[PDB]
Amino acid sequence: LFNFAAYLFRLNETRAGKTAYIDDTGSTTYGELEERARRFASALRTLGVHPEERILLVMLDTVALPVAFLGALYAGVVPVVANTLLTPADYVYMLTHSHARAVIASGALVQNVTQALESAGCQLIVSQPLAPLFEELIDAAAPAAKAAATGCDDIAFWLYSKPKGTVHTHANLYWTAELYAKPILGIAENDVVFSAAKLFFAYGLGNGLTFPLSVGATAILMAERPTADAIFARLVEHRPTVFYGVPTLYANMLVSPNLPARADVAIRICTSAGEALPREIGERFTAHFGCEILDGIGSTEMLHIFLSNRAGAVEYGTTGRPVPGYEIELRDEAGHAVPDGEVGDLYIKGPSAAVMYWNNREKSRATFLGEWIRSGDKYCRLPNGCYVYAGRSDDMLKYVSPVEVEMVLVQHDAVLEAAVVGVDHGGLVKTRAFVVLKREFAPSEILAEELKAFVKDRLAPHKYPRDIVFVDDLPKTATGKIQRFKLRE
């Protein structure tokens, strides 16, 4: 009745010859994407992996990953798409928790994944971007004749949110393309899209797979780490019309001596998620490039963006409005309504909500509240209806939004990026700002004092940071999120 891979294959039957993917080694057409995926569905059956059993993907951003993911979906096998920058012990946990029957690993990750497997019938398959080779297994297979007999509400894949196995359906993919990508982003057949966010991050999964494939667009994939220069290369070479980033990437792009000219690129719309986008970055980016960045929030639990700025109605500094098809509510600790201007807990209702966390009743019952998901984010609503992010519940200072303070700090000309956390020095919690300075500025007690004064002049007295620590970089997840817990510890 419904299989997301089979659905895409049918959608794109008329454009078999159009390039679907460009990556570091070449181009792959829609025809080839379907062929190689359906052959991989056969290879899985031949390897003994049944429908509903999980495979673990530890794969770089190459056409192999969408082949593996879509080939698994067509087989009814449940791919679990993993972060590629984790430790062997991290992978041990994912292998054991997922009960993965096979793990497909990029050549560069083979050592970590092999080590993980040795601490334990999971089979290793190796993708080149002695174990069986992914490409060889697919070559040896015939394309599977029919998709598994799945429906809209059948479990299709997991992403990790110990990490929590976040369980998604076939329909959840479809809803993200239908509610967010088409209406908000305006993604179209003739687009060429490029996500700096990797396919293992929910954000990147939609950006570089769900969305372009849903409309017959072309997607650019990149295996290497997303530095400003690596990003610039694909922006210029393949002239994508859509680029998807995160605030730390935009910040560092803007200060690069290598920043491409307006005429060197073709971007018509950009997105940003993960952390909130500072007003000045959006303004300066649009001044230089001519296109807007749409700041949006999504989550692994909601599979993509559910609250976003809209093209032509950008309110830089806010997360915009609910994406139509999604409802959001703010509640206080007691579950009562939140007056505008106050910070409350975000709850989300929409049709892309995950089913559960796998093998975890306590966290599932605390998060998946029937029609509503408890997000873990803190939000405020303005007079004009726009939502403003206060930070994660865990990062709140005590009553103070770390984000409100960070957004003020980065307005100072010396500051490239900032994180604001509460640090307990026995046994008093003090507000501390960690500041990355622009290259033209040197760290000093004078400058630290100037920055404190800068914030004190702009916010209520209980908000300004008590210490400023100058750092070369902030600690960040692979995904570009700031690890404020590290700064606290």
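Calculation criteria
- Residues numbered from 1 in each chain as written, not as in the entry; some residues may be left out.
- Heavy atoms only, no water.
- Helix = DSSP H or I, 4+ residues; strand = E, 2+ residues; numbered from the N terminus.
- Rg over C-alpha atoms; globule rule 2.2 N^0.38 Å.
- Buried < 20%, exposed > 50% of the residue type's maximum accessible area, 1.4 Å probe, protein only.
- Areas by Shrake-Rupley, 256 points an atom, 1.4 Å probe, with all protein chains shown as cover.
- Pairing = 2+ DSSP bridges.
- Domains from an automatic or database assignment.
- Contact = heavy atoms within 4.5 Å.
- Buried area = accessible area lost by both parts, 1.4 Å probe.
- Salt bridge = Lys/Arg side-chain N within 4 Å of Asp/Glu carboxyl O.
- Polar contact = N/O pair within 3.5 Å; in protein donor to acceptor, adjacent residues only side chain to side chain.

- Within the PDB entry, the label attached to the chain reads BENZOATE-COENZYME A LIGASE, and the organism entered is Burkholderia xenovorans.
- The title given for this PDB entry is "Crystal structures of a benzoate CoA ligase from Burkholderia xenovorans LB400".

**Side note on the overall build of the chain**
Then comes step 1: Check the secondary structure of the chain and you find 15 helices and 23 strands.
Then comes step 2: Relative to a compact globule of 489 residues, whose C-alpha radius of gyration would be 23 Å, the chain shows 23 Å and is just as compact.
Then comes step 3: For the chain, the spread of C-alpha atoms along the principal axes amounts to about 70 × 55 × 45 Å.
Then comes step 4: Expressed as a percentage of the 489 residues in the chain, the buried residues total 56%.
Then comes step 5: Counting only carbon and sulfur atoms, one obtains 50% of the accessible surface of the chain, whose full area is about 20600 Å².

**Observations concerning the sheet that holds strand β9 (residues 192–195)**
Then comes step 1: Within the open sheet, the nine strands sit side by side as β2-β1-β10-β9-β11-β12-β13-β14-β15. Their pairing is mixed. Each end of this open sheet is capped by a strand with a single partner; those strands are β2 (27–29) and β15 (321–322).
Then comes step 2: Relative to strand β10 (residues 218–220), strand β1 (residues 19–22) runs parallel, the two sharing two bridges. When the sheet's bridge partners are listed, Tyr-21 is paired in β10 with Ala-219.

**Remarks on the domain arrangement of the chain**
Then comes step 1: Taken domain by domain, the chain consists of domain 1 (1–392) and domain 2 (393–489).
Then comes step 2: Across the boundary between the two partners, domain 1 contributes 24 residues, which contact 21 residues of domain 2.
Then comes step 3: Buried surface at the junction of domain 1 and domain 2, both sides included, amounts to about 1800 Å², of which 61% is carbon and sulfur.
Then comes step 4: On the domain 1 side of the contact with domain 2, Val-255, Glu-275 and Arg-392 bury the most area, a combined 28% of that side's loss.
Then comes step 5: Our enumeration of links across domain 1 and domain 2 arrives at one salt bridge.
Then comes step 6: Between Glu-275 and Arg-484 there is a salt bridge; the shortest N-O distance is 3.0 Å.
Then comes step 7: On inspection of domain 1 and its partner domain 2, the count reaches ten residue pairs in polar contact.

**As for helix α9 (residues 228–237)**
Then comes step 1: Buried residues of α9: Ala-228, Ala-230, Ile-231, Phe-232, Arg-234 and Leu-235, and no others.
Then comes step 2: The inward-facing, buried residues of α9 contact β9, β10, β11 (242–245) and α10 (247–254).
Then comes step 3: With its phi angle positive at about 40 degrees, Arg-239 sits one or two positions after the end of α9.

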